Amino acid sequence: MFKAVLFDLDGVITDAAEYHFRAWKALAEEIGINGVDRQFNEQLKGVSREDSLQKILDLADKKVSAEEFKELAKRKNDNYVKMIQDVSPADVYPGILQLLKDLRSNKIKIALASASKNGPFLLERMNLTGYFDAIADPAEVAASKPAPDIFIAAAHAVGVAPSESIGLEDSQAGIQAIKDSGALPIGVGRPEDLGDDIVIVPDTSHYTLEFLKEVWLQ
């Protein structure tokens, strides 16, 4: 049986993306840039803070110095951190808590494998810290998804090889990272986005221990 589960955060454990959207919308309102809506935000998902800012500036074909860029980036960050103070246990996606309980009950290690700079804070606000054996620090990895580094680090951090692990991800780049780590990916979303050659569930309520076991056994 697999010895660990390696969890992406956004789109697996919770909708962290929604808070990034509101922070971006709020900054854009403050500086008078139109068009930062839910559909434009589709183009910010899995994008770095700085690239996301640039795409926002591009809505107004606006030109700013390196200092101004840094300062807008800083304000969005301030915004986001202020907004996530309201994260609570009700933000945890369906089925995830139950899965973490069942994993812990079966002594299966649990690690976070997220790019989020606020991972530990977010898990604590969702009351999930006690389930996590480790959080891979994205500041300590050389390369981001789709490179497997974060997953490798998460597995190592709980004292297993990636090959003893299942990885859960909602992104195509995250799926690649899990494959290239050696661990077994199970996506959530649609095969159109994630690939056709891996097991995929439609939503997190389908991530059960029994299902993970079946997939590992198959």
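One rule holds for the numbers: they count along the sequence shown, beginning at 1.
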When the Cα temperature factors in the entry are averaged, is it 184 to 192 or 42 to 50 that ends up higher?
42 to 50
Taking the deposited Cα B-factors and averaging over 12 to 20 and over 194 to 202, the higher mean is found in 194 to 202
Using the entry's values, work out which of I178, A154, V36, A161 has the largest Cα B factor.
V36
Sorting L128, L72, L103, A111 by Cα temperature factor from the record, which one lands on top?
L72
Which third, lowest, middle or highest, does the C-alpha temperature factor of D170 belong to within its own chain?
middle
Temperature factor at the Cα of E124, chain-ranked in thirds, falls in the middle
Lowest, middle or highest third: where is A139 by C-alpha B factor in its chain?
middle
Rank-wise, by C-alpha B-factor, drop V215 into the lowest, middle or highest third of its chain.
middle
Ranking every modelled residue in this chain by its Cα temperature factor as given in the entry, which third contains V87?
middle
